[PDB]
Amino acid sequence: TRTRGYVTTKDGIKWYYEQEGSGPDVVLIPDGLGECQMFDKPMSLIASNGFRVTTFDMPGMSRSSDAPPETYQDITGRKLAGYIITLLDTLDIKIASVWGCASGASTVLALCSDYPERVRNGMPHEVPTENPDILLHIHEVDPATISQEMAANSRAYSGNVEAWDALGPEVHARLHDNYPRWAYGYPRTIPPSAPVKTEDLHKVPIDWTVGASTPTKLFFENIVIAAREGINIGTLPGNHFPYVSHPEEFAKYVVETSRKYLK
């Protein structure tokens, strides 16, 4: 029993969102591809443990594509956080345990830094601080090329190609269109704006993760930052999409981690 619906916020974004369960709030912010169907399985699992779980397609992406161009251009964690806060307000969510990978992780940190009152606890996964070589010129090519290149890269970082493929043609068709939009608005601006400064990290509890199979160099700096700052740091099975590759393990982490901070 999950709500699937739409809401147009004051910033003009026509959001597609989902919600399941009752209890303390948990918010699942997608990665840069902004496709919330990736959370379908773990959403129910988390919800079944006594939480109200909310997810949504990101601005300009997938079902939330009816949004103003600025909401998906020159993107930063802080920009996204603003939009999300507006969304939470309309959804009547006061405080939540928040998860997010990549740009979603950047968003989580922005939320913890600038909107601590709304965050129980934050769960960032693979915060981009330095892009790998595959993305260096992605914004410079045409859409068709972007979709071809990015569909491959994503599959390669999937952590489980079988599960990835298993998302289905509808999802993959949505992703096809998301790729160029993500490329033009995310990779150049997300990393330099990473909210990983000292003052961004200590207002609320944070449990940070990197993929177990992810090549060490990719998110190496996340590890060092966390360790030096005294922030809980660890790994999760898979790579960049633990929610897709390892839904069960992912759900257990969210539940167990969020549960620690409940009163």
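Heads up: residue numbers just count along the shown sequence, starting at 1.
Per the entry, where is the mean C-alpha temperature factor higher: 123 to 131 or 139 to 147?
-> Result of the comparison: 139 to 147.
Select between 32 to 40 and 221 to 229 the stretch whose C-alpha atoms have the higher average B-factor in the entry.
-> Mean C-alpha B-factor is greater for 32 to 40.
Using the entry's values, work out which of 97, 189, 90, 103 has the largest Cα B factor.
-> Of the options given, 90 has the highest CA B-factor in the PDB entry.
From 152, 112, 81, 75, can you pick the one with the highest C-alpha B factor in the entry?
-> The record points to 152.
Which third of the chain does residue 59 land in by C-alpha B-factor: lowest, middle or highest?
-> Residue 59: CA B-factor falls in the middle third of its chain.
Within-chain third of residue 242 by Cα B-factor, per the entry = Lowest third, going by the recorded CA B-factors of the chain.
Grab the CA temperature factor for residue 193 from the record and place it in the lowest, middle or highest third of its chain.
-> It falls in the middle third of the chain.
State the tercile, meaning the lowest, middle or highest third, of residue 71 with respect to the CA B-factors recorded for its chain.
-> Middle third.
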